[PDB]
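A quick write-up on the structure given underneath.
Here the Cβ is made from the backbone with ideal geometry for all residues, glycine too, and neighbour counts use every protein chain on show. We did not get these values from a lab; they are worked out from the coordinates using the rules stated.
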Protein chains: 4
Amino acid sequence: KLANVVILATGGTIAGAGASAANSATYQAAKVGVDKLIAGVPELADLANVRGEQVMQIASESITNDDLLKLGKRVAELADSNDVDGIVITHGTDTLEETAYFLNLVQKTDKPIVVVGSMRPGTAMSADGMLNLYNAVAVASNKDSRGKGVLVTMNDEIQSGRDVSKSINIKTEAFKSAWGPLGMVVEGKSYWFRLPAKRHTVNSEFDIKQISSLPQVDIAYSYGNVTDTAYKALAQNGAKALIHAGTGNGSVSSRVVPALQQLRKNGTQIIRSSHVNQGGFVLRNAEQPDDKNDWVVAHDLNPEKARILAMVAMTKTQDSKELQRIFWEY
Amino acid sequence: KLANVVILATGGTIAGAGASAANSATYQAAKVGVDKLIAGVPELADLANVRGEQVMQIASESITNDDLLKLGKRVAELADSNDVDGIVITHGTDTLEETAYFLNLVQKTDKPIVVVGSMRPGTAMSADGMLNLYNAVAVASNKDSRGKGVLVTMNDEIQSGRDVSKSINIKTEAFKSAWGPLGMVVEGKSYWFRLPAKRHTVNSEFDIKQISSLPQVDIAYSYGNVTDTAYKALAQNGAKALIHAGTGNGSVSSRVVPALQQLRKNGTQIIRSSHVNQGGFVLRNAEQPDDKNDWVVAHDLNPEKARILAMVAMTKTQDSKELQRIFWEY
Amino acid sequence: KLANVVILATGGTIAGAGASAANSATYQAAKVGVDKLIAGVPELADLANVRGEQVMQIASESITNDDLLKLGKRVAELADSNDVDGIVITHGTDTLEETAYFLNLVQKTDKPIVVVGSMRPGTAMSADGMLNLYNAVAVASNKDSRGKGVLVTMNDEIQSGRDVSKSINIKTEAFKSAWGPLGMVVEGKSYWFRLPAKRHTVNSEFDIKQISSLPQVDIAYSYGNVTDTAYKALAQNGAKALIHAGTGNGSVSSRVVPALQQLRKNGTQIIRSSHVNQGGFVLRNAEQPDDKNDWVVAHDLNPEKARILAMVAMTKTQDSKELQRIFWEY
Amino acid sequence: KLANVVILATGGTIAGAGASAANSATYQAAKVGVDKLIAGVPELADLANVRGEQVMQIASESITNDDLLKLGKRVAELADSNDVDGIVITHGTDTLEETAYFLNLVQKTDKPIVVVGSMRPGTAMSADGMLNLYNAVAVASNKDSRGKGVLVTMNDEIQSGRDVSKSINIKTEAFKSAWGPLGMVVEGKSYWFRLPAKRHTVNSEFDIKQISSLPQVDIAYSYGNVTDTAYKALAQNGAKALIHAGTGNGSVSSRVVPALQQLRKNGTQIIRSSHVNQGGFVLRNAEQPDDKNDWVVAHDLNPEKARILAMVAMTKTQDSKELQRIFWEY
Ligand SMILES: [N+]
Ligand SMILES: [N+]
Ligand SMILES: [N+]
Ligand SMILES: [N+]
């Protein structure tokens, strides 16, 4: 018998519509409901027994921490049901990478959780969403998908939710990871070539069920002639930790260092990421004396991903050395 | 009888030093003088007559707008001299991509200007700097290099200064461009496979000789649950233009749109870039009604690149349609 | 008024059909005619006045030199007509890269010639062919496309016919170039970022009109424990030149060197390419003494592209030093 | 008290020497002895106790099947010894990817086996070999390296020996894999981001101790207007299996199909690979009816990689369904 898969719809370009078939870049996100999304891929019925549920209808650049929590807690509920074998989430692409990393850290289940979007609205010619959705249900349907962490299925690939990032605009190959795809999905079949090495889902020390609301964490960008202005304003407005999106290896301008020392003395966690996001990672004590200043290094995680990990980490700890540990395992 | 090449030293990792040969990532930048960089590559003498000049000695994450104007001016002086065939600038890698684009925009010469750094200090084993310096002089020595715009020579490649970006940390292949290298340099010899399509150097409408002050331009990051806080703070502290580093196709959160509209009415330019920096570009009037709000789209340029262009363009105009034209040509 | 564009159909996956919408990889190529291809993109009518012509209906792995010549000569005829502004060729993907380089070398016109395929048959869900075709007619329609060489429009990119290669199986981003795309096509609009630097079309020394039939040229693969067997068999069966697909930098096994010396003494041109095809290029006199042995080096061209250039070159010359020149300009 | 690491020297560019420091691409391989390679990196002594042993001194394009069996046997001997914690093999880059996959298949140990070369001779300026050697010993020294399969450490990366391929000529980043690096090595320290999903070393059904002869396996290239000539010649000269390096998804020309059917009836295995080697894989029964012809598909493996697997698999089986299973697991 077919697996039981629930599609949780959250909006996005995959649910969007444009004026004509020629409109693949200019359209409205989050205009179509989950039942109409489902009826557009009749071939779904042959993969799984599927049901749809509209959680929200948003354009994903306008997502809030509360939306995240509400999504997280609805996933946890479905994962708890015997009636559910896998979960597919349809999501806008802009912050898909943030939602997928969140769910990877806090859902303690090894049922397949698959996040899926599209780079063209369903009304464009050569719209990518139908096969992307098919593939998502195909991977969520598969017993081989269990225990692999949160997965995203776009462009015929199986990408890890941890480190897949929207790296290329316009094109359907928008999502890349520095460490490669985990496998591919072709004609309903999954093919695996690599496994995750970082902690996730069922071996996570975090749990969406214990989390009532997330700490405020914000990101400041760095570049030539940058001042401490945005750093202090964000901290003043209540940020519990600041992600520093540095040049190069999380480097900090000499004019900004003292602001960060004092912000740290005042209890704000300082996490050194970078805007050098195709590969490599930020080294502890290389650019700055992190031990001396009690700063944390975000390893390979880009700024918007380092924010998600910091938020979740800080529901359990505000020890800087523990936060570094967490940035080195997850 | 060889070409005459001036090396302008500004500091950086090429001039950096570490504790041992094993220290390829933990070291101090800007430790060695230009005369020592040159003496360390005696083979330079077969490529050209080289003289060195120490302009500054900085780690490139700490560069200021004055540093830029002082470098640009010294480059213009040297380019005017007849005893100068080519110019090589040694630079730290962190903001190398910012200086390179700046000089591409404001040096109205077609003499070769070559910016070069290194990903390893010269004390580390397998240091990349000696060969990078050698290739920089080889490219600047070459008449084929003239009229190509500013060039950067690392990793055996000839990259365009316009859109080469530090994309990968730690590794020697740090610098990539979405549109590919222009050619390669192998054993003193240059090989070309593409030409620039964008306006630069001699056909730029900008001239460093007519620029003695640059306007303040700052960058704000966008992500899930971002607020208008950093945008407002940056504007209050003097930003004449804001580079919005948006998710996706320069998308703007629903709760940041109102503050952006207001900052534009108060006269600060709103330039929509993105943190999706491996390929593609941000399309005018797709995510936001730019025409209606009088905002500008940064095309394919990443946030720090779009800062450099906005800063140079606004020495000459504050019309937003002029600004959009410039972002579509350079 | 609209430009006049002719679509020459040659078969391929873009004209293919599968059993169901789920069949994106298992289908029949070259099953649909050009008039039905045209009727499936009604939006074409708004770009150009288009007419279709079925030149052949093949799967492109089974193309012959005669097919190439017949295609080449029909293009030349259309390019000569006042009634024709641009030409689009629909082609299977397997040898698309070979046809596109051929046309780049021998069509002396600067009217837009656009080659286009698809990685999924038109019957698959999320089939890429409709937008690919649209984009092809959009680029062929555009006066800015003139004088750029032969172009291929897939995956929203504008790729050079010279060095675009099918590099990735299954995925719609199959086609890559070592030197980057030239630009992109979005919603009918073209955006350019680079220009060609190698000789082509209107500045080619070759001309399809003088060519009655092509020399036989064949390719032998190299690897550990390879013998001279395939090299001698191909030469014996009448190959006028052999493309050596070497390991690394066109390297030749010591057991195979004498076979190649003698084959050269016997009049067979020896052209050193490689199966190291993501980037870089083969250097003359690095791996082997090419001057000594009178061999030719294929520069950056992969084996199937080096074959196309050798065939066309040899309709004008059998001088090895001239052949090297040609491999360094085209 | 440090780990005990044996360096097995086989020659190659790491041991190569050129005329001057500027000679990074024009030089002789296999000139320097293992004792000199080691003496040249005194820092190795902080990582482990190293002893060197010169196994051969070859340029890697000239390697034979005996060379492979002799290396594999010597590796098995050393792996059995208790005085040996890790094994480093210095190798030329040309067929490095072939030896690495061979050892991955037949060494039934989980001690670290690390293969390393260099893209520049050790006499050239900015030679990559010293740091590559250092990192190889650092990775082999590390208990975290055990059970990972054969590893290759170049360009600061830890690449899987299974699917790492020499993909880019000249440049230091020559070796890539479609599925990404497993991790990185920075300043002696290893960082992991992915694990192998494929069978290897200790869970291989193959054992070098039970292999004293390898069957003859050869590769034919496919392209436009290819004939059955090289296929037939290779089979006549002793090939027990043919790797067909097809266009696209291992596609076979219409005029080569009949000769392949006949060669299979005569008992030579037909393995469909491709020269589309950046990503994707060749799908059974898509391009050709493999079931009906009793052919095998090489999955994601490139032609020279599929040669190594077919050669090892056929020491144990000649059933084609067994052969397909093996190509789907290793
Ligand atoms: N969006
Ligand atoms: N730095
Ligand atoms: N095909
Ligand atoms: N070699």
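A few remarks follow.
- Label reach from B:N82 (point 7 Å along Cα→C-beta): in the range B:1-44, amide nitrogens under 19 Å belong to B:1-6.
- With coordinates expressed along the principal axes, the C-alpha atoms belonging to chain C extend over 60, 43, 35 Å, beginning with the largest.
- Taking C:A76, C:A136, C:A21 as the candidate residues, the one with maximal mean-square fluctuation in a Gaussian network model of chain C, Cα springs under 10 Å, is C:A21.
- Distance violations [Cα-Cα > 18 Å] among A:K171/C:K171; C:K1/C:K143; B:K111/B:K209; C:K111/C:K143; B:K209/B:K240; D:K148/D:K321: B:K209/B:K240; D:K148/D:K321
- In nanometers and ordered shortest first, the copy-to-copy spacing of the B:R255 label point, defined 7 Å from Cα toward Cβ, is 3.0, 6.8, 7.0.
- Footprinting exposure proxy ranking of A:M119, A:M56, fewest other C-beta atoms within 10 angstrom first, gives A:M56, A:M119.
- Peptide-level mean, for D:181-187, of C-beta atoms on other protein chains within 10 Å: 6
- Among D:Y231, D:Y134, D:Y223: highest mean-square fluctuation, GNM of chain D, C-alpha pairs under 10 Å: D:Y223
- Per-residue 3J(HN,Hα) values for the range B:185-192, derived from phi via the Karplus relation 6.51 cos²θ - 1.76 cosθ + 1.60 with θ = phi - 60°, read 10, 9, 6, x, 9, 9, 10, 9 Hz in sequence order (x marks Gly and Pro).
- Think of each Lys and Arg Cβ as +1 and each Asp and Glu Cβ as -1; about the Cα centre, that makes the dipole of the protein assembly as shown roughly 20 debye.
- Every helix of 4 or more DSSP H residues in chain A counts as -39500 (n - 2.57), and over all residues that averages to -7500 deg cm²/dmol at 222 nm.
- Simple spin-label estimate for B:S20 and B:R255 gives 5.1 nm between the two label positions (7 Å along the Cα-to-Cβ direction from each Cα).
- Karplus 3J(HN,Hα) series, Hz, for the range A:266-277 with 6.51 cos²θ - 1.76 cosθ + 1.60 (x for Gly, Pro): 7, x, 8, 5, 10, 10, 7, 9, 8, 9, 10, 10
- Each of C:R284, B:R194, D:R199 has some number of other Cβ atoms within 10 Å of its Cβ, and from fewest to most they run D:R199, C:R284, B:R194.
- Per-copy distances of the D:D110 label point, shortest first, in nm (7 angstrom along Cα→Cβ): 1.7, 6.5, 6.6
- Simple label model, 7 Å out from Cα along Cβ direction - D:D46 to C:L195, nm: 5.2
- When Rg and Dmax are taken over the Cα atoms of the range B:1-86, they come to 14.6, 44 Å.
- q = 0.07, 0.08 Å⁻¹, the protein assembly as shown: log10 I(q)/I(0) [Debye, one scatterer per Cα]: -0.68, -0.93
- Label geometry 7 Å along the beta-carbon vector: C:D66 inter-copy distances in nm: 4.8, 7.4, 7.8
- Top of D:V256, D:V296, D:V150 by mean-square fluctuation, Gaussian network on chain D, Cα under 10 Å: D:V256
- With q set to 0.17, 0.22, 0.24 Å⁻¹, the log10 of I(q)/I(0) for the range B:216-329, from the Debye formula over equal scatterers at the Cα positions, is -0.70, -1.28, -1.59.
- Counted by neighbouring Cβ atoms within 10 Å, the residues B:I270, A:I7, D:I243, B:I211 run from fewest to most as B:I211, B:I270, A:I7, D:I243.
- For the axis carrying chain A to chain C: nearest C-beta residue of A, whole Å: A:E173, 2
- Two-site FRET efficiency, C:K292 against D:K1, from Cβ-Cβ distance with R₀ of 56 Å, rounded to 0.05: 0.55
- Translational diffusion of the range B:1-43, µm² s⁻¹ [Kirkwood Rh, Cα pairs; Stokes-Einstein; 10 °C; 1.306 mPa s]: 135
- Charging the Cβ of each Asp and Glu at -1 and of each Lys and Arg at +1, and nothing else, the dipole of the range A:216-329 about its Cα centre rounds to 200 debye.
- Under-5 Å amide H pairs with B:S24, H placed in peptide plane, nonlocal only: D:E187
- Here C:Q57 and B:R146 are evaluated by their C-beta separation; at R0 = 60 Å the FRET efficiency comes out at 0.75.
- Distance from the alpha carbon centroid of the range A:129-146 to that of the range C:14-63 works out to 28 angstrom.
- Simple label model, 7 Å out from Cα along Cβ direction - A:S213 to B:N266, nm: 2.8
- Scattering from the range A:124-241 was approximated by placing one identical point on each alpha carbon and applying the Debye formula without solvent; log10 I(q)/I(0) at 0.09, 0.10, 0.20 1/Å stands at -0.40, -0.48, -1.08.
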